[PDB]
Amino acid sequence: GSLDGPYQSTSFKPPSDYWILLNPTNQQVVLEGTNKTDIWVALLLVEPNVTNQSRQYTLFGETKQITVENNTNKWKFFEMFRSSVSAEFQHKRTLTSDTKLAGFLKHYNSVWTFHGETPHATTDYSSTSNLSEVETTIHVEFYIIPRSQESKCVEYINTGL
């Protein structure tokens, strides 16, 4: 079949009903997304077998010190989240993965991401009253997949390109 992409790293407002399939190599911050009203979401990537490692990540213009741990042989995407500009970032969800792929979707009233552990990763959401204004800074090569082909995106997440 066909897959729309790759697109190079960039900043833009993805249309609703299209998955962004993220394809990092060694980037530390993979994606930043915000509408500046009730959604701030960032995905951090941590390699296998890391214990208590203090690292630096810049999120939405704010350079942060975050200590990370990954005691598995798989990679981990950490989903960092907050609902207002002056709040602390909290670790909201995790995706444990041997494919190194993650996703981002705007649909209906929510932003969707993947969580869990491959090859059985699943989707979950954060709701918003201002979906249309969510802009994503994507730090990696990426692909676009229509929501009508979400099952293909799930396959990629779980077993790879």
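Just count from 1 along the sequence shown to find any residue number.
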item: Which of 57-65 and 36-44 has higher mean CA B factor, as the PDB entry lists it; value: 57-65
item: Entry-level comparison of average CA B-factors, 126-134 and 94-102, reporting the higher stretch; value: 126-134
item: Residue with maximal Cα B-factor (values as given in the PDB entry) among 27, 118, 70, 109; value: 27
item: Of the residues 9, 23, 149, 16, the one carrying the largest Cα B-factor as recorded; value: 9
